[PDB]
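The form deposited in one PDB entry is given below as one chain in structure tokens.
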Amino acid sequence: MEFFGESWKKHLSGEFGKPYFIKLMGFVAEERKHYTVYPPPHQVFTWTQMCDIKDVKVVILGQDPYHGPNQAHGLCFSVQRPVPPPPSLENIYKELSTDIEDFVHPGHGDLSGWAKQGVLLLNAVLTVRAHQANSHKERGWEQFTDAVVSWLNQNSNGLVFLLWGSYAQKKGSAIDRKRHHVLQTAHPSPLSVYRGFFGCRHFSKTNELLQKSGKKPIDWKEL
């Protein structure tokens, strides 16, 4: 697989030969003949290029990639310059400013700095037709990302999973809470942020949990 991180390729290569995945790649290829699909080919697996698979420490599960021009770049919640941070990400920064004492709003929404430190920003569906939310759901991506979550669940220890919102909580329902830490709350979207996300303190809690398992904490201000 191209544009796919080496360490990830070594452990997930088995998925590449399965019927559902081969069908999925065919479907996405067909879609790109007739539509603009985001993210562009080289950014569909950005989440595998930022850090080694064994350096993953924290997992944040998302649902669908952004469907507007230049927004999605392979990481959930993240947008690259010059796109302004979406409402959900602004709410994430708000929580961070009250939770992590040294947090400074960077004025952009590119979360590459977190990905570099082992924060896996994984969407459940990895492509989308331009301007059409959820247009690529149930074509095989969910099985693939379930396989990625299953691999981490069984081959890693002491990961922190942040499950925000209904979709993420369902997808993360299979995580072994004896081996990993699971923090749950409402989605940071303006529509639900007041249902628990504000005040969840997931960022300091994550660092506290990482230390107790002997892992290096995330420097959340490092964006």
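When you see a residue number, it is the position in the sequence shown, counting from 1.
If you look for the form solved in complex with a small molecule, you will not find it shown, but the lines that follow are about it.
Across the options 82-90, 149-157, 99-107, 136-144, residues that bring heavy atoms within 4.5 Å of the small molecule in the deposited bound form belong to 82-90. Residue in contact with the small molecule in the deposited bound form (any heavy atom within 4.5 Å), chosen from 161, 45, 197, 66: 66. Proximity to the small molecule in the deposited bound form, taken as a non-hydrogen atom within 4.5 angstroms, holds for one residue of 49, 36, 184, 189, which is 189. Shown alone here, residue 77 lies within 4.5 Å of the small molecule in the deposited bound form, counting heavy atoms only.
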